[PDB]
Asks: 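Structure incoming, see below.
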Amino acid sequence: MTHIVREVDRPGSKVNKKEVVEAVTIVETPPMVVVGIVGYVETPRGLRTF
Amino acid sequence: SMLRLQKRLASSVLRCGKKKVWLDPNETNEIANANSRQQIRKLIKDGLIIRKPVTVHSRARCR
Amino acid sequence: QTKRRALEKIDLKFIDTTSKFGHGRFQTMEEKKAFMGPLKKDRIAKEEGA
Amino acid sequence: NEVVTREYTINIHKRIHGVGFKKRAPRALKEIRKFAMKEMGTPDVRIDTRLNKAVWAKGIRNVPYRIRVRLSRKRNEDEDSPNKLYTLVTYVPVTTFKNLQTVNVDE
Amino acid sequence: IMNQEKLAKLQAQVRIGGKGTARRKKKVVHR
Amino acid sequence: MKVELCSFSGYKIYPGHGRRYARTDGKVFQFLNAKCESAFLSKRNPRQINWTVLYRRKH
RNA sequence: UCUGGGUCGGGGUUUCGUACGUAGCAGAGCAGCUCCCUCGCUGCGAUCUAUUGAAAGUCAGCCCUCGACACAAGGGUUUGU
RNA sequence: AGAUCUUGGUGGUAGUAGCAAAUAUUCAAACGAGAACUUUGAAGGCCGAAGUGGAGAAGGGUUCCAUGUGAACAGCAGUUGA
Ligand SMILES: [Mg+2]
Ligand SMILES: [Mg+2]
Ligand SMILES: [Mg+2]
Ligand SMILES: [Mg+2]
Ligand SMILES: [Mg+2]
Ligand SMILES: [Mg+2]
Ligand SMILES: [Mg+2]
Ligand SMILES: [Mg+2]
Ligand SMILES: [Mg+2]
Ligand SMILES: [Mg+2]
């Protein structure tokens, strides 16, 4: 986690056109690799893996 | 084996406490053969039993 | 998402990068070195390595 | 060779962190004995009494942060034992632990 | 007479403790 | 990117850090952490603390 | 494995606050030494200053090492349409 | 078959509650089939002279002291022991 500073563009608010700080969470997201495909068929008992 | 008797006799002969009785850890068999105060005197003279000095309590700080 | 809180464009002005392993007070290594100047470890570093 | 001897430094502070006051020094010698079992593989580890004094030098809770020891793997050809080797760990007095590597030491 | 080897072992049999402890004065064997 | 403040220690205070003090006489101070704040609150002179900017410029 | 994970070491970060020793014509002063000196020198003396944002710790549940050292194709118990 | 029956024996509970008042142990060696507990040595600690020290009165009655044993006892163990 860390925090930022940003300009708010919310009209009618007190913090309009003002700087605020806000906690943020950094989530490292390296690219995913696709390795398969699953099909599903709708049945009167739910989805089942085709 | 067990030198409980010899430490007690050495304390009485040396006129000290068992705190101040030092029996040789290497000559355990020699000391174990001394079942009388006369042999304890011989071991003290030979140096197998030694009276340790009094723990230092200096008064240099107080002075 | 139809509310004004959503679909609101975010424009960051500053991202904090002080040390979170304590009360960090410098954003970058270069800013820390510029503020404090040379230290004893660097003074002997230039002495031993010329 | 299996009669090797090496000079290590052990971060006692690392291995004692979290132990209670009346158990820090006893745990330090359990961690030293467990340490020597790792780099030497011998379950028979003997700790020199001078090293025992060094650990207990500042009482039972203020154990030194670092200790410089010398592991000495020796032959157990003194009696019929399940272990053919034993490691005798000794004490090495040092003035500083800076830039102290694990060094092989001769006889 | 005292040589280097006898002096080396003498350091062992004269120290019966650590720092601040008394040095051993004698170890005589008689029968 | 806001106003950049300076502490009892004279260090730079970035937004979202420290606290601000508003005395009754109308003066406003700002501190970088509780170490710099509590030194100020104990009537301690910054020119006598070796890690303070005011000390380093005096010496 | 195009190695691995450890243990030390290093660097970073951070915590506290400027270490021991040495030096000073710094220092309330005091006690000695004056053919002496023409204003001097020898000790004791908290504290101060320079060395010195120094010293010390920092994963054990901090970050990066690819520096050094050793070790890692070993063990045991089971499992069949 | 009963009497909260008498005497004796045995279960479940249950390998459970528990073996938590008074700071604290550690290293090496010896003996020994066997050592966390015995002994010796080395450290680190406590009692801190209104003591966990040194001696008595009452009470106990051989617990005193040597040697040996390792059955039972010392609510773990013991090579130790009142
Ligand atoms: Mg934090
Ligand atoms: Mg490191
Ligand atoms: Mg009946
Ligand atoms: Mg009936
Ligand atoms: Mg239980
Ligand atoms: Mg219990
Ligand atoms: Mg006391
Ligand atoms: Mg009494
Ligand atoms: Mg008796
Ligand atoms: Mg029992």
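Values reported hereafter were calculated over all heavy atoms of this structure, with side chains retained and with hydrogens, waters and symmetry mates removed. Per chain, numbering begins at 1; letters A, B, ... match sequence-line order.
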Asks: Taking only residues two or more places apart in sequence or in another chain, which ones pass ring-ring contact (aromatic ring centres under 6.0 Å, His included) with F/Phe31?
Replies: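 Testing F/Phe31 for ring-ring contact (aromatic ring centres under 6.0 Å, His included), a comparison that skips the adjacent residues, returns F/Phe40.
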Asks: Which is it for G/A68, anti or syn, if anything within 90° of zero counts as syn?
Replies: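 You should classify G/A68 as anti.
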Asks: Considering only the P atoms, how many Å lie between H/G44 and H/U62, rounded to the nearest integer?
Replies: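 That atom pair is separated by 46 Å.
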Asks: Which value, in whole Å, describes the distance between the P atoms of nucleotides G/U18 and G/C48?
Replies: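 It works out to 9 Å between them.
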Asks: Kindly give the cluster partners of D/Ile67, where membership spreads through any ILVMFWY side chain lying under 4.5 Å from a current member.
Replies: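 Under the 4.5 Å side-chain rule, D/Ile67 groups with D/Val4, D/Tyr8, D/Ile10, D/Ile12, D/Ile16, D/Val19, D/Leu29, D/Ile32, D/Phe35, D/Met37, D/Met40, D/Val45, D/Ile47, D/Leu51, D/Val55, D/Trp56, D/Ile60, D/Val63, D/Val69, D/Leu71, D/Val89, D/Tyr91.
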Asks: Within residues 12-42 of chain D, find the residues that approach RNA chain H with a heavy atom at under 4.0 Å, and present them sorted by residue number.
Replies: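 Correct list: D/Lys22, D/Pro26, D/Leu29, D/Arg33.
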Asks: Quick one: label D/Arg61 by what it contacts on the DNA or RNA (base, sugar-phosphate, nothing), any heavy atom closer than 4.0 Å.
Replies: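 Counting heavy atoms under 4.0 Å across all strands, no contact is made by D/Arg61.
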Asks: Just to be sure I understand the geometry, which residues of residues 94-107 of chain D put a non-hydrogen atom under 4.0 Å away from RNA chain G?
Replies: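 Of all residues in residues 94-107 of chain D, the ones placing a heavy atom under 4.0 Å from RNA chain G are D/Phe97, D/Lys98, D/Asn99, D/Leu100, D/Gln101, D/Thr102, D/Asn104.
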Asks: Using a heavy-atom distance cut-off of less than 4.0 Å, which residues of residues 27-34 of chain A contact RNA chain G?
Replies: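 Output list: empty, so none.
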Asks: Hydrophobic cluster mates of D/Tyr86, side-chain heavy atoms under 4.5 angstrom, ILVMFWY only, any path?
Replies: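 Besides D/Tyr86, the cluster holds D/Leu88.
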Asks: For atom P, what is the distance between H/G60 and H/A17, given to the nearest Å?
Replies: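 Approximately 44 Å lies between the P atom of H/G60 and that of H/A17.
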Asks: Looking for any heavy atom pair under 4.0 Å, which part of the strands does B/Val21 touch: base, sugar-phosphate only, or nothing?
Replies: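 Answer is sugar-phosphate: B/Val21 comes under 4.0 Å of backbone atoms only.
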Asks: Under a 4.0 Å heavy-atom cut-off, which of residues 15-31 of chain E touch RNA chain G?
Replies: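 Of all residues in residues 15-31 of chain E, none places a heavy atom under 4.0 Å from RNA chain G.
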Asks: Residues from residues 31-63 of chain B sitting under 4.0 Å of RNA chain H, heavy atoms only?
Replies: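 When residues 31-63 of chain B is checked for heavy atoms under 4.0 Å from RNA chain H, the hits, listed by number, are B/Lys52.
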Asks: Answer yes or no: does a side-chain N or O of C/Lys32 lie under 4.0 Å from OP1 or OP2 of G/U14?
Replies: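 The answer is yes; a side-chain N or O of C/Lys32 sits under 4.0 Å from OP1 or OP2.
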Asks: With heavy atoms under 4.0 Å as the rule, sort B/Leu5 into base, sugar-phosphate or nothing.
Replies: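 Result for B/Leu5 = sugar-phosphate.
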Asks: Would you call H/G75 syn or anti, using the 90° rule around 0?
Replies: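 Syn.
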Asks: List the residues meeting salt bridge (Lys or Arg N to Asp or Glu O under 4.0 Å) with C/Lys40, not counting sequence neighbours, and say none if there are none.
Replies: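 With neighbours one apart ignored, the set is empty.
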Asks: Under 5.5 Å centre to centre and under 30° between planes: does that hold for C/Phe21 and the six-membered base ring of G/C62?
Replies: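 Aromatic stack with G/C62 present for C/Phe21.
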Asks: Roughly how many Å apart are G/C63 and G/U14, using the P atom of each and rounding to a whole number?
Replies: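 Those two atoms are separated by 15 Å.
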Asks: Provide the start and end nucleotides, 5' to 3', of the part of RNA chain H that has atoms under 4.0 Å from heavy atoms of chain E.
Replies: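 Endpoints of the contacted stretch of RNA chain H: H/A42 to H/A43.
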Asks: Expressed in whole Å, how much space separates the P atoms belonging to G/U1 and G/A72?
Replies: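 Between the two P atoms, the distance is 15 Å.
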Asks: Do side-chain atoms of B/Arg51 reach the backbone of B/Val21 as a donor and acceptor pair under 3.5 angstrom?
Replies: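 No: the side chain of B/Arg51 does not pair with the backbone of B/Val21.
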Asks: Strictly below 4.0 Å, N to O, side chains only: are D/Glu39 and D/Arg6 in salt-bridge contact?
Replies: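 A salt bridge is absent here (no side-chain N lies under 4.0 Å from a carboxylate O).
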Asks: Quick one: label B/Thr28 by what it contacts on the DNA or RNA (base, sugar-phosphate, nothing), any heavy atom closer than 4.0 Å.
Replies: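 Result for B/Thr28 = nothing.
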Asks: Heavy atom of residues 64-82 of chain D under 4.0 Å from RNA chain G: which residues?
Replies: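 Heavy-atom cutoff 4.0 Å gives D/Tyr65, D/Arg66.
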Asks: Tell me whether the NZ or CZ atom of B/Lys7 lies within the 45° cone about the ring axis of B/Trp22 and under 6.0 Å from its centre.
Replies: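 Verdict for B/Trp22: no cation-pi partner in B/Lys7.
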Asks: Rounded to whole angstrom, note down the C1' distance from G/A50 over to G/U34.
Replies: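 Pairwise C1' distance, G/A50 against G/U34, rounds to 34 Å.
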Asks: Could you check whether D/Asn11 gets within reach of a base, just the sugar-phosphate, or nothing at all, counting any heavy atom under 4.0 Å?
Replies: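 Sugar-phosphate, no base atom in range.
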Asks: Please go through B/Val54's hydrophobic cluster and name the other residues, only I, L, V, M, F, W, Y counting, with side-chain heavy atoms under 4.5 Å joining them.
Replies: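 None; B/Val54 is a cluster of one.
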Asks: Nearest 0.5 angstrom please: D/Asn76 CG to D/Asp44 CG, how far?
Replies: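 The distance works out to 5.5 Å.
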Asks: With a 6.0 Å cut-off on ring centres, are C/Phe35 and C/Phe26 close enough?
Replies: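 Yes - the distance between ring centres of C/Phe35 and C/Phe26 falls below the 6.0 Å cut-off.
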Asks: So what does D/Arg50 touch, heavy atoms closer than 4.0 Å: a base, only the sugar-phosphate, or nothing?
Replies: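 Nothing: the residue D/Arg50, judged by heavy atoms under 4.0 Å, touches no strand.
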